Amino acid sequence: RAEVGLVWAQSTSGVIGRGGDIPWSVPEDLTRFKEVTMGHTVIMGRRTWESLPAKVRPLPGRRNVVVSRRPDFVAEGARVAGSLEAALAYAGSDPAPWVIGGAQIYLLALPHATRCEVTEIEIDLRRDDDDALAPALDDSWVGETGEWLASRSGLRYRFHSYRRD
């Protein structure tokens, strides 16, 4: 088995996206994200692809895979996959492909997943109807939660690192 991983950043309340963007500034999260995903396949939903600045995509040093129901969708510098099953196939021999968002794609991949790396951001965001939300993890997941750390931005964050099987 490839060890299928999910990686995301959420507010304590579970928001991951608002108005198409990440609704906070925590540089340290992007560092952790890169440190987690470098050298691996990164699988993402079409909307997440379009949320990435055009100048920042595809993510360098990683095989980019975009999931869309449209067989003719084009993602320059990425492979387009018609299902999470097809995306995982494209990861080939990668021992640890990572699913990197967003909300709909996390729900799709969750049944396949054996690792989650979650950054929690201490910011008071009240869930709105149009927010993208993190999936809820049940207690079949085990691992560790680090201490709260001060970001350069003045917010606190911490890492959660879970596995199952």
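From 1 onward, residues are counted along the sequence shown.
Checked against the record, the higher mean CA B factor of 122 to 130 and 105 to 113 lies with 122 to 130.
Ranked by Cα temperature factor within the chain, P53 sits in the highest third according to the deposited record. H160: CA B factor lies in the middle third for its chain, per the PDB record. For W24, the recorded CA B-factor ranks within the middle third of the chain. Only modelled residues enter the ranking. Split the chain's modelled residues into thirds by C-alpha temperature factor. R46 is in the middle one. Looking at the C-alpha B-factors along this chain, the one for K34 belongs to the middle third.
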